[PDB]
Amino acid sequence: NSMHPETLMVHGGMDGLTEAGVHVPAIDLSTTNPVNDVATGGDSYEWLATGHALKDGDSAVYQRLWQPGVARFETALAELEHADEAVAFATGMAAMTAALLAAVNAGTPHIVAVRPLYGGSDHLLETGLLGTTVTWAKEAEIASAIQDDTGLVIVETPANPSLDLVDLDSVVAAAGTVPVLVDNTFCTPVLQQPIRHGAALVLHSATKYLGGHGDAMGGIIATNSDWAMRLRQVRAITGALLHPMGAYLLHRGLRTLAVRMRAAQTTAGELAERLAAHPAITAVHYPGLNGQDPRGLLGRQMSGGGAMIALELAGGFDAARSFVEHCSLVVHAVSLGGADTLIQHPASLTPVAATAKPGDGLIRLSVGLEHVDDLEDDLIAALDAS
């Protein structure tokens, strides 16, 4: 509350470690947790199975009910997003799966969603695997798409890959009594805090930016106590758990999140302007050097431009394909938020059946922590290799 976000990222979820005479949280691989007696054991099992948080001093009983290393990572992100509690899972898709199953179980299987979403999130809603029905709606048509069966309104900003922004204040107003789930993977709690704009749930693919080194899969939703209990009820019986070492590395990554994001953001802001001058590129999508931020969201909603850039090329698919293959320092791979700069053709990786399929000339670029001159020299060499 009185500490700045930079301090909260370092010391968040590190309570009681200094008193115990330790520097970093220990990795407890224990699958089972012994109990003091039958009465407290049975009470603690039922308490956690029904989605409640662990009481201090009580036994965790089993790893599928509670794990301390995961709980430390959960409290660390909840403080950053200004949320009451948070629930962590194996991947970002496991968190989305639990969020949708919680809505279905509560008798609300219908979901209202904006079309520019992550490929996996879009495919999971379209298939209706978890007993869900979806109505694809635009920012202005959210209120109309709301049914008496809607359990959640799913939004993502900046969108993956185009980086289209969404006004969160208007979305919450349109949803009204329906909770809003905001995928804040790209912005991170450093740039955006949807809970402050009135959102109920905030999803993050911890695999990107929260980990920051491309070596820890994870998913986490910062939300109020009601949805946290519903998500833990699902987690206890579906079991898409985050491994203790995975939780350790994601919590470890949160300490350097503010420093890494600001460094990659500075490089991305400069690269977007330098690449715009190249004749092979027709458009540069970047919230800071924007062609789609007339609403003044950069300042009101986002405290920074981000570290992602989408580039439209003048030869369509052929130029986009050649540019990706001729990169040497920049690695052609899916995923983002890592220490190294990655590149992809979203239409072929993020390809068979879609209405909101991105342009063939579009190329997504995750900016890492390399020098700005070395990254432009490599991207210019790949563009000139046409």
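Start at 1 and count along the sequence shown; that's the residue number.
Count the deposited residues lacking coordinates between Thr350 and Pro351 and you get 1 to 3 of them. Of the two segments examined, 282-290 and 100-108, it is 282-290 that shows the higher average Cα temperature factor in the deposited entry.
Per-stretch averaging of Cα B factors for 314-322 and 24-32 places 314-322 on top. Comparing the C-alpha B-factors of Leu242, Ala95, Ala86, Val134 in the entry, the top value falls on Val134.
You'll see in the entry that, of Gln147, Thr238, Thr207, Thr256, the Cα B factor peaks at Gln147. Compared with the other modelled residues of the chain, the Cα B-factor recorded for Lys357 ranks in the highest third. Residue-level temperature factors show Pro68 in the lowest third of its chain, judged at the C-alpha atom.
In the deposited entry, the Cα temperature factor of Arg252 sits in the bottom third of values across the chain's modelled residues. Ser170 sits in the highest third of its chain by CA B factor, as recorded in the PDB entry. Compared with the other modelled residues of the chain, the Cα B-factor recorded for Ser303 ranks in the highest third.
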